[PDB]
>>> print(open('work-v4.tsv').read())   # TSV, C-alpha atoms and all ligand atoms
chain	number	residue	atom	x	y	z
A	1	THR	CA	-54.05	1.31	-2.58
A	2	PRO	CA	-51.70	-1.68	-2.30
A	3	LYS	CA	-51.25	-1.61	-6.07
A	4	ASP	CA	-50.55	2.14	-5.96
A	5	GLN	CA	-47.95	1.48	-3.25
A	6	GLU	CA	-46.14	-1.36	-5.05
A	7	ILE	CA	-45.67	0.84	-8.12
A	8	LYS	CA	-44.51	3.88	-6.13
A	9	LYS	CA	-42.01	1.60	-4.38
A	10	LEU	CA	-40.58	0.35	-7.70
A	11	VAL	CA	-40.25	3.85	-9.15
A	12	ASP	CA	-38.59	5.09	-5.94
A	13	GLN	CA	-36.15	2.18	-6.09
A	14	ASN	CA	-35.25	2.61	-9.76
A	15	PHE	CA	-35.99	6.18	-10.92
A	16	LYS	CA	-35.69	8.34	-7.80
A	17	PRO	CA	-31.90	7.72	-7.41
A	18	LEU	CA	-31.38	9.25	-10.87
A	19	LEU	CA	-32.52	12.61	-9.45
A	20	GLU	CA	-29.49	12.91	-7.18
A	21	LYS	CA	-27.13	11.15	-9.59
A	22	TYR	CA	-27.81	13.55	-12.48
A	23	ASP	CA	-28.94	16.63	-10.52
A	24	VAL	CA	-32.40	16.51	-12.12
A	25	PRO	CA	-34.80	19.18	-10.80
A	26	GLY	CA	-38.06	17.43	-11.71
A	27	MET	CA	-39.43	14.16	-13.02
A	28	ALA	CA	-42.73	12.50	-13.88
A	29	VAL	CA	-42.91	8.71	-14.16
A	30	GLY	CA	-46.12	7.03	-15.28
A	31	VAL	CA	-47.13	3.38	-15.46
A	32	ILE	CA	-50.26	2.05	-17.13
A	33	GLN	CA	-51.25	-1.55	-16.35
A	34	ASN	CA	-54.61	-3.12	-17.24
A	35	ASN	CA	-56.06	0.25	-18.30
A	36	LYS	CA	-55.16	1.74	-14.88
A	37	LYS	CA	-52.84	4.76	-14.84
A	38	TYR	CA	-50.32	5.40	-12.07
A	39	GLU	CA	-48.66	8.83	-11.93
A	40	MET	CA	-45.58	9.59	-9.80
A	41	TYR	CA	-44.16	13.10	-9.54
A	42	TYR	CA	-40.86	14.35	-8.14
A	43	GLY	CA	-39.25	17.72	-7.66
A	44	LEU	CA	-39.85	21.05	-9.36
A	45	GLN	CA	-40.99	22.02	-12.84
A	46	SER	CA	-39.48	25.48	-12.16
A	47	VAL	CA	-36.62	25.89	-9.71
A	48	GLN	CA	-36.89	29.69	-9.56
A	49	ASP	CA	-40.65	29.59	-8.94
A	50	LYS	CA	-40.59	26.57	-6.59
A	51	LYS	CA	-43.42	25.10	-8.67
A	52	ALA	CA	-43.77	21.35	-8.23
A	53	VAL	CA	-43.97	18.82	-11.02
A	54	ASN	CA	-47.61	17.69	-11.08
A	55	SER	CA	-50.25	16.28	-13.43
A	56	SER	CA	-50.45	19.62	-15.26
A	57	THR	CA	-46.72	19.98	-15.94
A	58	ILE	CA	-45.90	20.26	-19.65
A	59	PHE	CA	-42.56	18.69	-20.66
A	60	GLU	CA	-40.68	18.76	-23.96
A	61	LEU	CA	-40.76	15.32	-25.61
A	62	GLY	CA	-37.75	15.77	-27.89
A	63	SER	CA	-37.59	12.93	-30.40
A	64	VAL	CA	-40.66	11.26	-28.87
A	65	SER	CA	-42.37	13.89	-31.07
A	66	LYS	CA	-41.51	11.55	-33.98
A	67	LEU	CA	-44.16	9.15	-32.69
A	68	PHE	CA	-46.87	11.75	-33.27
A	69	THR	CA	-45.49	12.45	-36.75
A	70	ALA	CA	-45.59	8.72	-37.45
A	71	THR	CA	-49.21	8.58	-36.23
A	72	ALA	CA	-50.09	11.56	-38.43
A	73	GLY	CA	-48.52	9.75	-41.37
A	74	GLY	CA	-50.47	6.58	-40.64
A	75	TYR	CA	-53.62	8.70	-40.40
A	76	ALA	CA	-53.04	10.35	-43.79
A	77	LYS	CA	-52.16	7.05	-45.45
A	78	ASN	CA	-55.23	5.18	-44.21
A	79	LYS	CA	-57.43	8.08	-45.32
A	80	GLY	CA	-55.89	7.74	-48.79
A	81	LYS	CA	-54.28	11.20	-48.61
A	82	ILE	CA	-50.81	9.69	-49.23
A	83	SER	CA	-49.32	6.40	-50.34
A	84	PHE	CA	-46.06	5.27	-48.75
A	85	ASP	CA	-44.77	4.53	-52.26
A	86	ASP	CA	-45.28	8.17	-53.25
A	87	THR	CA	-42.35	10.57	-53.48
A	88	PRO	CA	-42.22	14.08	-51.95
A	89	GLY	CA	-42.52	16.02	-55.24
A	90	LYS	CA	-46.04	14.63	-55.70
A	91	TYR	CA	-47.05	16.93	-52.82
A	92	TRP	CA	-44.28	19.54	-52.53
A	93	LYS	CA	-44.30	20.51	-56.19
A	94	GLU	CA	-40.99	22.40	-56.19
A	95	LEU	CA	-39.31	19.05	-55.45
A	96	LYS	CA	-40.70	17.36	-58.58
A	97	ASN	CA	-37.81	16.20	-60.81
A	98	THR	CA	-35.14	16.86	-58.20
A	99	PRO	CA	-32.99	13.98	-56.93
A	100	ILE	CA	-34.84	13.76	-53.60
A	101	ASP	CA	-38.02	12.94	-55.55
A	102	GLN	CA	-36.54	9.45	-56.03
A	103	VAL	CA	-37.00	8.79	-52.29
A	104	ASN	CA	-40.39	7.53	-51.16
A	105	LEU	CA	-42.34	8.67	-48.11
A	106	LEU	CA	-41.76	5.47	-46.15
A	107	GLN	CA	-38.01	5.81	-46.71
A	108	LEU	CA	-38.08	9.42	-45.50
A	109	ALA	CA	-40.11	8.43	-42.43
A	110	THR	CA	-37.76	5.53	-41.59
A	111	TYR	CA	-34.44	7.31	-42.28
A	112	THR	CA	-33.27	5.42	-45.40
A	113	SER	CA	-32.82	8.23	-47.98
A	114	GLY	CA	-29.10	7.34	-48.02
A	115	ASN	CA	-27.93	10.92	-47.46
A	116	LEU	CA	-29.58	12.76	-44.54
A	117	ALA	CA	-27.78	13.42	-41.26
A	118	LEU	CA	-29.20	13.79	-37.76
A	119	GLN	CA	-29.71	17.56	-38.15
A	120	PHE	CA	-30.10	20.11	-40.91
A	121	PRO	CA	-26.94	22.15	-41.55
A	122	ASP	CA	-26.64	25.03	-39.10
A	123	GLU	CA	-27.20	27.61	-41.85
A	124	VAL	CA	-30.55	26.04	-42.92
A	125	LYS	CA	-33.11	28.12	-41.02
A	126	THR	CA	-35.71	29.87	-43.19
A	127	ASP	CA	-38.40	28.14	-45.23
A	128	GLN	CA	-36.62	29.15	-48.45
A	129	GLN	CA	-33.34	27.79	-47.05
A	130	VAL	CA	-35.00	24.45	-46.26
A	131	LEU	CA	-36.50	24.31	-49.75
A	132	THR	CA	-33.11	25.07	-51.31
A	133	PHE	CA	-31.43	22.36	-49.21
A	134	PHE	CA	-33.94	19.77	-50.44
A	135	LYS	CA	-33.74	20.93	-54.08
A	136	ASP	CA	-29.93	20.78	-53.95
A	137	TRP	CA	-29.87	17.37	-52.19
A	138	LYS	CA	-28.14	14.57	-54.08
A	139	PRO	CA	-27.99	10.87	-53.19
A	140	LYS	CA	-25.04	9.15	-51.57
A	141	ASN	CA	-25.74	5.61	-50.37
A	142	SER	CA	-28.19	3.35	-52.21
A	143	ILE	CA	-31.67	4.67	-51.49
A	144	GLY	CA	-33.62	2.54	-49.03
A	145	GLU	CA	-30.66	0.42	-47.99
A	146	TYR	CA	-29.06	2.40	-45.13
A	147	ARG	CA	-30.76	3.68	-41.99
A	148	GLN	CA	-29.28	6.92	-40.71
A	149	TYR	CA	-31.39	8.42	-37.93
A	150	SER	CA	-32.35	11.86	-39.22
A	151	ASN	CA	-34.44	14.88	-38.17
A	152	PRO	CA	-34.57	16.43	-41.69
A	153	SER	CA	-35.67	13.04	-43.09
A	154	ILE	CA	-38.74	12.65	-40.87
A	155	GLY	CA	-39.25	16.42	-41.09
A	156	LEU	CA	-39.71	16.18	-44.85
A	157	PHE	CA	-42.08	13.27	-44.23
A	158	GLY	CA	-44.04	15.44	-41.81
A	159	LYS	CA	-44.14	18.37	-44.25
A	160	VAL	CA	-45.54	16.09	-46.96
A	161	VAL	CA	-48.14	14.65	-44.58
A	162	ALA	CA	-49.22	18.19	-43.73
A	163	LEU	CA	-49.46	19.14	-47.42
A	164	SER	CA	-51.57	16.06	-48.15
A	165	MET	CA	-54.00	17.16	-45.42
A	166	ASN	CA	-54.07	20.81	-46.60
A	167	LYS	CA	-53.16	21.94	-43.08
A	168	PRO	CA	-49.91	23.21	-41.53
A	169	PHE	CA	-48.18	20.45	-39.60
A	170	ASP	CA	-48.81	22.05	-36.19
A	171	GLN	CA	-52.53	22.11	-37.05
A	172	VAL	CA	-52.45	18.45	-38.19
A	173	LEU	CA	-51.32	17.54	-34.68
A	174	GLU	CA	-53.29	20.06	-32.63
A	175	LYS	CA	-56.57	19.94	-34.58
A	176	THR	CA	-56.63	16.32	-35.83
A	177	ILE	CA	-54.16	13.92	-34.21
A	178	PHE	CA	-54.07	15.06	-30.56
A	179	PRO	CA	-57.90	15.22	-30.25
A	180	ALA	CA	-58.38	11.83	-31.92
A	181	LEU	CA	-56.03	10.41	-29.29
A	182	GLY	CA	-57.95	12.07	-26.45
A	183	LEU	CA	-55.03	14.32	-25.45
A	184	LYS	CA	-55.95	17.61	-23.81
A	185	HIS	CA	-52.61	19.29	-23.05
A	186	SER	CA	-50.29	18.25	-25.87
A	187	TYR	CA	-48.94	21.01	-28.06
A	188	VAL	CA	-46.59	22.10	-30.73
A	189	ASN	CA	-47.18	25.68	-29.56
A	190	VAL	CA	-47.96	26.05	-25.86
A	191	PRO	CA	-50.71	28.70	-25.55
A	192	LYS	CA	-50.36	31.68	-23.24
A	193	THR	CA	-52.98	30.15	-20.94
A	194	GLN	CA	-50.72	27.12	-20.41
A	195	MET	CA	-47.31	28.80	-20.00
A	196	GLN	CA	-47.76	28.63	-16.20
A	197	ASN	CA	-47.65	24.82	-16.62
A	198	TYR	CA	-44.71	24.64	-19.08
A	199	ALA	CA	-41.68	23.39	-17.17
A	200	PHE	CA	-38.29	24.92	-17.60
A	201	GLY	CA	-35.66	22.56	-18.80
A	202	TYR	CA	-32.23	22.68	-17.24
A	203	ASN	CA	-28.78	22.37	-18.80
A	204	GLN	CA	-25.75	20.94	-16.98
A	205	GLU	CA	-25.06	24.41	-15.59
A	206	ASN	CA	-28.60	24.37	-14.11
A	207	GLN	CA	-29.72	27.29	-16.24
A	208	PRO	CA	-33.40	27.28	-17.28
A	209	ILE	CA	-33.81	26.67	-21.00
A	210	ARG	CA	-36.56	25.76	-23.44
A	211	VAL	CA	-36.40	24.29	-26.92
A	212	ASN	CA	-35.38	26.65	-29.71
A	213	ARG	CA	-37.57	25.97	-32.73
A	214	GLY	CA	-35.49	26.17	-35.88
A	215	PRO	CA	-36.75	25.27	-39.34
A	216	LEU	CA	-39.52	23.03	-40.78
A	217	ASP	CA	-38.34	19.84	-39.05
A	218	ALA	CA	-38.58	21.11	-35.48
A	219	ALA	CA	-42.25	20.21	-35.25
A	220	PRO	CA	-42.14	16.72	-36.81
A	221	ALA	CA	-38.78	15.71	-35.34
A	222	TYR	CA	-38.48	17.21	-31.85
A	223	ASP	CA	-40.90	20.08	-31.02
A	224	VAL	CA	-43.91	18.44	-29.27
A	225	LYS	CA	-44.70	19.09	-25.60
A	226	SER	CA	-47.05	17.08	-23.39
A	227	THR	CA	-48.03	16.10	-19.84
A	228	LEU	CA	-47.70	12.82	-17.97
A	229	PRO	CA	-51.48	12.09	-18.13
A	230	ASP	CA	-51.49	12.78	-21.88
A	231	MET	CA	-48.49	10.53	-22.55
A	232	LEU	CA	-50.12	7.75	-20.53
A	233	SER	CA	-53.23	8.18	-22.70
A	234	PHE	CA	-50.99	7.92	-25.76
A	235	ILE	CA	-49.54	4.68	-24.41
A	236	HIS	CA	-53.08	3.49	-23.64
A	237	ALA	CA	-54.01	4.19	-27.26
A	238	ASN	CA	-51.01	2.19	-28.48
A	239	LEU	CA	-51.83	-0.69	-26.13
A	240	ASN	CA	-55.55	-0.75	-27.05
A	241	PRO	CA	-56.04	0.72	-30.55
A	242	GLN	CA	-59.18	-1.37	-31.05
A	243	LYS	CA	-60.82	0.86	-28.42
A	244	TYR	CA	-60.45	3.97	-30.62
A	245	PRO	CA	-62.42	5.21	-33.65
A	246	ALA	CA	-61.41	3.77	-37.00
A	247	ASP	CA	-59.40	6.71	-38.38
A	248	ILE	CA	-57.00	7.01	-35.43
A	249	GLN	CA	-57.04	3.25	-34.80
A	250	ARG	CA	-55.69	2.51	-38.29
A	251	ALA	CA	-53.17	5.32	-37.78
A	252	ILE	CA	-51.88	3.75	-34.54
A	253	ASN	CA	-51.76	0.26	-36.04
A	254	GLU	CA	-49.75	1.65	-38.96
A	255	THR	CA	-47.03	2.73	-36.51
A	256	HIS	CA	-46.72	-0.82	-35.12
A	257	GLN	CA	-45.63	-2.58	-38.32
A	258	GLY	CA	-41.95	-3.39	-38.70
A	259	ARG	CA	-40.62	-1.85	-41.90
A	260	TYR	CA	-37.13	-3.40	-41.86
A	261	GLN	CA	-34.66	-4.66	-39.29
A	262	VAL	CA	-31.22	-3.58	-38.09
A	263	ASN	CA	-29.65	-6.23	-35.86
A	264	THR	CA	-32.14	-6.98	-33.08
A	265	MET	CA	-34.17	-3.81	-33.75
A	266	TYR	CA	-37.17	-3.55	-36.08
A	267	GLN	CA	-37.80	-0.02	-37.35
A	268	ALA	CA	-41.52	0.74	-37.36
A	269	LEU	CA	-43.04	4.14	-38.17
A	270	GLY	CA	-41.58	6.22	-35.35
A	271	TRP	CA	-41.50	3.40	-32.81
A	272	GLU	CA	-38.56	1.06	-32.43
A	273	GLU	CA	-39.84	-2.52	-32.28
A	274	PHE	CA	-38.44	-5.67	-30.66
A	275	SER	CA	-39.41	-9.29	-30.26
A	276	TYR	CA	-40.84	-9.77	-26.77
A	277	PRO	CA	-39.40	-10.80	-24.38
A	278	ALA	CA	-36.47	-8.51	-25.24
A	279	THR	CA	-33.25	-8.55	-23.27
A	280	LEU	CA	-32.04	-5.40	-21.54
A	281	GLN	CA	-28.97	-5.43	-23.79
A	282	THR	CA	-31.14	-5.49	-26.91
A	283	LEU	CA	-33.08	-2.45	-25.64
A	284	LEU	CA	-29.80	-0.74	-24.71
A	285	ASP	CA	-28.26	-1.54	-28.12
A	286	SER	CA	-31.02	0.39	-29.94
A	287	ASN	CA	-29.59	3.61	-28.45
A	288	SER	CA	-25.91	2.84	-29.08
A	289	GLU	CA	-23.76	5.38	-30.86
A	290	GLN	CA	-23.49	3.02	-33.85
A	291	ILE	CA	-27.28	2.79	-34.26
A	292	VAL	CA	-28.09	6.45	-33.45
A	293	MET	CA	-25.20	8.31	-35.10
A	294	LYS	CA	-24.02	6.20	-38.05
A	295	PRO	CA	-25.56	4.63	-41.17
A	296	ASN	CA	-26.40	0.95	-40.87
A	297	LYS	CA	-27.47	-1.44	-43.62
A	298	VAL	CA	-31.07	-2.60	-43.23
A	299	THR	CA	-32.54	-6.05	-43.86
A	300	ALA	CA	-36.07	-6.61	-45.14
A	301	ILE	CA	-38.61	-8.21	-42.81
A	302	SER	CA	-38.77	-11.96	-43.38
A	303	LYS	CA	-41.51	-12.58	-40.81
A	304	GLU	CA	-42.74	-9.96	-38.36
A	305	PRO	CA	-42.11	-11.18	-34.79
A	306	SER	CA	-45.40	-12.48	-33.45
A	307	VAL	CA	-44.98	-11.04	-29.93
A	308	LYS	CA	-43.59	-7.51	-29.89
A	309	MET	CA	-42.64	-4.60	-27.67
A	310	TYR	CA	-41.82	-1.01	-28.56
A	311	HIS	CA	-39.96	2.01	-27.18
A	312	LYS	CA	-38.55	5.42	-28.07
A	313	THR	CA	-36.18	7.82	-26.33
A	314	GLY	CA	-36.34	11.56	-26.81
A	315	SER	CA	-34.34	14.60	-25.68
A	316	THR	CA	-34.14	18.32	-26.07
A	317	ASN	CA	-31.27	20.35	-24.63
A	318	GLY	CA	-33.22	20.68	-21.38
A	319	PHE	CA	-35.44	17.57	-21.21
A	320	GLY	CA	-35.42	13.79	-21.34
A	321	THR	CA	-38.19	11.40	-22.37
A	322	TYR	CA	-38.62	7.63	-22.53
A	323	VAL	CA	-41.75	5.67	-23.51
A	324	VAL	CA	-42.16	1.88	-23.70
A	325	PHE	CA	-45.13	-0.46	-24.02
A	326	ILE	CA	-45.69	-4.23	-24.17
A	327	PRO	CA	-49.00	-5.30	-25.75
A	328	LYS	CA	-48.84	-8.88	-24.42
A	329	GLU	CA	-48.64	-7.62	-20.84
A	330	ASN	CA	-51.01	-4.63	-21.36
A	331	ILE	CA	-48.40	-2.43	-19.66
A	332	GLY	CA	-46.39	0.65	-20.54
A	333	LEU	CA	-44.26	3.32	-18.94
A	334	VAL	CA	-43.48	7.01	-19.53
A	335	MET	CA	-40.54	8.96	-18.06
A	336	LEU	CA	-40.29	12.76	-18.36
A	337	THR	CA	-37.43	14.79	-16.88
A	338	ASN	CA	-36.59	18.49	-17.06
A	339	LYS	CA	-32.90	17.69	-17.41
A	340	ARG	CA	-31.34	15.20	-19.81
A	341	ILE	CA	-30.08	11.94	-18.33
A	342	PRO	CA	-28.26	9.22	-20.28
A	343	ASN	CA	-30.56	7.09	-22.43
A	344	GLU	CA	-29.11	3.91	-20.91
A	345	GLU	CA	-30.32	5.01	-17.47
A	346	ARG	CA	-33.84	5.62	-18.80
A	347	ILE	CA	-33.97	2.20	-20.43
A	348	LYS	CA	-32.47	0.32	-17.45
A	349	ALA	CA	-34.77	1.92	-14.89
A	350	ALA	CA	-37.86	1.29	-17.01
A	351	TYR	CA	-36.76	-2.30	-17.61
A	352	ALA	CA	-36.40	-2.94	-13.87
A	353	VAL	CA	-39.85	-1.54	-13.08
A	354	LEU	CA	-41.73	-3.32	-15.87
A	355	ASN	CA	-40.13	-6.69	-15.13
A	356	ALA	CA	-40.86	-6.42	-11.39
A	357	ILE	CA	-44.55	-5.44	-11.51
A	358	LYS	CA	-46.69	-8.38	-10.44
A	359	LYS	CA	-49.42	-9.71	-12.74
B	401	LIG	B1	-34.00	12.78	-30.59
B	401	LIG	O1	-34.20	12.91	-29.24
B	401	LIG	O2	-33.43	11.57	-30.83
B	401	LIG	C1	-33.14	13.96	-31.22
B	401	LIG	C2	-31.61	13.76	-31.27
B	401	LIG	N1	-31.03	13.57	-29.95
B	401	LIG	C3	-30.61	14.55	-29.04
B	401	LIG	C4	-30.13	13.88	-27.91
B	401	LIG	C5	-29.56	14.47	-26.61
B	401	LIG	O3	-29.59	15.70	-26.36
B	401	LIG	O4	-29.06	13.67	-25.78
B	401	LIG	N2	-30.26	12.53	-28.11
B	401	LIG	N3	-30.81	12.34	-29.38
B	401	LIG	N4	-33.41	15.15	-30.46
B	401	LIG	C6	-33.17	16.43	-31.05
B	401	LIG	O5	-32.75	16.55	-32.16
B	401	LIG	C7	-33.48	17.62	-30.18
B	401	LIG	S1	-33.01	19.07	-31.15
B	401	LIG	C8	-33.03	20.37	-29.93
B	401	LIG	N5	-33.17	20.22	-28.58
B	401	LIG	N6	-33.14	21.47	-27.92
B	401	LIG	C9	-32.97	22.52	-28.69
B	401	LIG	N7	-32.91	23.88	-28.21
B	401	LIG	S2	-32.84	22.07	-30.39
>>> encode(input="work-v4.tsv", output="structure tokens", more="lines below")
Ligand SMILES: *[B]([O])([O])[C]([C]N1[C]=C(C([O])=O)N=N1)[N]C(=O)[C]SC1=NN=C([N])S1
Amino acid sequence: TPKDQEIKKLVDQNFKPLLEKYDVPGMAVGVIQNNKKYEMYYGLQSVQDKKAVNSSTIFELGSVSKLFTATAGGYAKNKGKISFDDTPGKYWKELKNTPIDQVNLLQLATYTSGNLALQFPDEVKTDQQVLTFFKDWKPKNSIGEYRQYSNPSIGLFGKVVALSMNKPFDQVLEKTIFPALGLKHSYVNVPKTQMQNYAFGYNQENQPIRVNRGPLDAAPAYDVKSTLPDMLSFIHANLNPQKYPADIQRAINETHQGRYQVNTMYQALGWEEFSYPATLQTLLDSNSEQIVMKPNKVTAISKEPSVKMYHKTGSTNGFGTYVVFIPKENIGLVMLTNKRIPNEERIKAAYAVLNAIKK
């Protein structure tokens, strides 16, 4: 198809060179435009097995997992199972009357507790250790005022969401959220029947690796795996939520609302949000060291931008992910690799493709 061939050309021009540049064994790049999916596959999901990347290949999403946690949270909130003004001790009773019970669920979900780093301490592994960490937590910066991107922060949010739904978090996603979104091969735990389709990731020494699940935040913050067709369906759902049943529709819409702004970036639930059209530099700035690694003072939303776009990067030690969608253009893109590549490359290559696709 001439449309199939234009898109393959653009991905070859912009994403294929990254394979040689970063020694990436395998890659899936998907574009959805006007409800039509385009899937492009490169290389091998397993080097040792000579198994090609294909429509069945399961990749680790890294921090793109946070988008499913955000959707789960929007689901629970719109079903009245939680309120974003609630605090965690309302649901995790051992946290009642501890300092972290001053932080509300929205602030946990959007990284503004004022004292949570990117990762749990190395020694925090068991469920009791996680509970002790949260009971012993004390505030630092003014609660709600400083965004510091944080796995334990959204992990606590995910734990509370799971408690409010009386299901373990993995079951919230696999039994409720994934099916509502129409996903068929998205997992927290890849079943034995699917291990043949689970790619190996690759470190810089080209050794095959897969994500090590640590404590209670692995699932909500970085432990989801999925396929290119599933991620395209997830972008389709975000582009056309009005096409989905009410429960998951409200959940999706909840993840599209800016909650505060930091420079040119609006922090939504999970998604990063930008006024559209957004410059490349704006999209690049959202993944700067300053934004990702350090605390930054937030500003309340004066007026939500009327035309928006959204993205999120994600990595594990062995995998890279990038997802982006633009409602006004009914277009979105997914990139999955089984080796990390710099976030700036993901964003630049996606930007070139999306801005070059004809109407
Ligand atoms: B998320 O992707 O933002 C988040 C933090 N992160 C990691 C990187 C990277 O590797 O370049 N960029 N942002 N991802 C995680 O925390 C993943 S945690 C683990 N990944 N593999 C493991 N075995 S544990």
>>> atom_distance(input="work-v4.tsv", atom1="atom CA of residue 211 of chain A", atom2="atom CA of residue 187 of chain A")
13.0 Å
>>> residues_near_ligand(input="work-v4.tsv", ligand="ligand LIG 401 (chain B)", cutoff="7 Å", atoms="all atoms listed in the file", output="short mmCIF file (atom, residue, chain, number, x, y, z; two decimals) with C-alpha atoms, keeping the file's coordinate frame")
data_model
loop_
_atom_site.label_atom_id
_atom_site.label_comp_id
_atom_site.auth_asym_id
_atom_site.auth_seq_id
_atom_site.Cartn_x
_atom_site.Cartn_y
_atom_site.Cartn_z
CA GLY A 62 -37.75 15.77 -27.89
CA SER A 63 -37.59 12.93 -30.40
CA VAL A 64 -40.66 11.26 -28.87
CA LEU A 118 -29.20 13.79 -37.76
CA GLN A 119 -29.71 17.56 -38.15
CA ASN A 151 -34.44 14.88 -38.17
CA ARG A 210 -36.56 25.76 -23.44
CA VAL A 211 -36.40 24.29 -26.92
CA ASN A 212 -35.38 26.65 -29.71
CA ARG A 213 -37.57 25.97 -32.73
CA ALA A 221 -38.78 15.71 -35.34
CA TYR A 222 -38.48 17.21 -31.85
CA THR A 313 -36.18 7.82 -26.33
CA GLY A 314 -36.34 11.56 -26.81
CA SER A 315 -34.34 14.60 -25.68
CA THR A 316 -34.14 18.32 -26.07
CA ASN A 317 -31.27 20.35 -24.63
CA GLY A 318 -33.22 20.68 -21.38
CA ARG A 340 -31.34 15.20 -19.81
#
>>> closest_residue(input="work-v4.tsv", among="A:48, A:337, A:346, A:271", to="residue 310 of chain A", atoms="only C-alpha atoms")
A:271
>>> residues_near_point(input="work-v4.tsv", point="(-53.6, 2.8, -6.5)", cutoff="9 Å", atoms="all atoms listed in the file", output="PDB file with C-alpha atoms, in the frame of the given file")
ATOM      1  CA  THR A   1     -54.050   1.310  -2.580  1.00  0.00           C
ATOM      2  CA  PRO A   2     -51.700  -1.680  -2.300  1.00  0.00           C
ATOM      3  CA  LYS A   3     -51.250  -1.610  -6.070  1.00  0.00           C
ATOM      4  CA  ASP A   4     -50.550   2.140  -5.960  1.00  0.00           C
ATOM      5  CA  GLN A   5     -47.950   1.480  -3.250  1.00  0.00           C
ATOM      6  CA  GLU A   6     -46.140  -1.360  -5.050  1.00  0.00           C
ATOM      7  CA  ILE A   7     -45.670   0.840  -8.120  1.00  0.00           C
ATOM      8  CA  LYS A  36     -55.160   1.740 -14.880  1.00  0.00           C
ATOM      9  CA  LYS A  37     -52.840   4.760 -14.840  1.00  0.00           C
ATOM     10  CA  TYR A  38     -50.320   5.400 -12.070  1.00  0.00           C
TER      11      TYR A  38
END
>>> closest_residue(input="work-v4.tsv", among="A:357, A:251, A:31, A:231", to="residue 184 of chain A", atoms="all atoms listed in the file")
A:231
>>> decode(input="work-v4.tsv", residues="segment 39-53 of chain A", atoms="N, CA and C atoms", output="JSON list (two decimals), in the first residue's frame")
[["chain", "number", "residue", "atom", "x", "y", "z"],
["A", 39, "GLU", "N", 2.84, -1.34, 11.57],
["A", 39, "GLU", "CA", 3.81, -2.02, 12.42],
["A", 39, "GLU", "C", 5.06, -2.32, 11.62],
["A", 40, "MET", "N", 6.21, -1.87, 12.12],
["A", 40, "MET", "CA", 7.50, -2.10, 11.48],
["A", 40, "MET", "C", 8.43, -2.80, 12.45],
["A", 41, "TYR", "N", 9.02, -3.91, 12.01],
["A", 41, "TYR", "CA", 9.87, -4.72, 12.88],
["A", 41, "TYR", "C", 11.27, -4.82, 12.30],
["A", 42, "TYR", "N", 12.26, -4.81, 13.20],
["A", 42, "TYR", "CA", 13.66, -4.94, 12.82],
["A", 42, "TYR", "C", 14.35, -5.91, 13.75],
["A", 43, "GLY", "N", 15.24, -6.73, 13.19],
["A", 43, "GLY", "CA", 16.22, -7.43, 14.00],
["A", 43, "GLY", "C", 15.62, -8.59, 14.78],
["A", 44, "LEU", "N", 16.28, -8.89, 15.90],
["A", 44, "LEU", "CA", 16.06, -10.13, 16.64],
["A", 44, "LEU", "C", 15.59, -9.82, 18.05],
["A", 45, "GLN", "N", 14.54, -10.52, 18.49],
["A", 45, "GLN", "CA", 14.13, -10.48, 19.88],
["A", 45, "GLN", "C", 15.05, -11.31, 20.77],
["A", 46, "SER", "N", 15.69, -12.34, 20.21],
["A", 46, "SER", "CA", 16.69, -13.14, 20.89],
["A", 46, "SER", "C", 17.86, -13.38, 19.94],
["A", 47, "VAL", "N", 19.03, -12.86, 20.30],
["A", 47, "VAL", "CA", 20.21, -13.07, 19.48],
["A", 47, "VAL", "C", 20.60, -14.54, 19.45],
["A", 48, "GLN", "N", 20.63, -15.19, 20.62],
["A", 48, "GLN", "CA", 21.11, -16.57, 20.70],
["A", 48, "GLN", "C", 20.19, -17.52, 19.97],
["A", 49, "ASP", "N", 18.89, -17.23, 19.94],
["A", 49, "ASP", "CA", 17.92, -18.09, 19.28],
["A", 49, "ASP", "C", 17.66, -17.70, 17.83],
["A", 50, "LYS", "N", 18.20, -16.57, 17.38],
["A", 50, "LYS", "CA", 17.90, -16.04, 16.04],
["A", 50, "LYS", "C", 16.39, -15.93, 15.81],
["A", 51, "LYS", "N", 15.68, -15.47, 16.83],
["A", 51, "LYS", "CA", 14.24, -15.27, 16.74],
["A", 51, "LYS", "C", 13.98, -13.80, 16.41],
["A", 52, "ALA", "N", 13.25, -13.56, 15.33],
["A", 52, "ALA", "CA", 13.01, -12.20, 14.86],
["A", 52, "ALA", "C", 12.03, -11.46, 15.76],
["A", 53, "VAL", "N", 12.23, -10.14, 15.86],
["A", 53, "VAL", "CA", 11.16, -9.30, 16.39],
["A", 53, "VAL", "C", 9.97, -9.37, 15.44]]
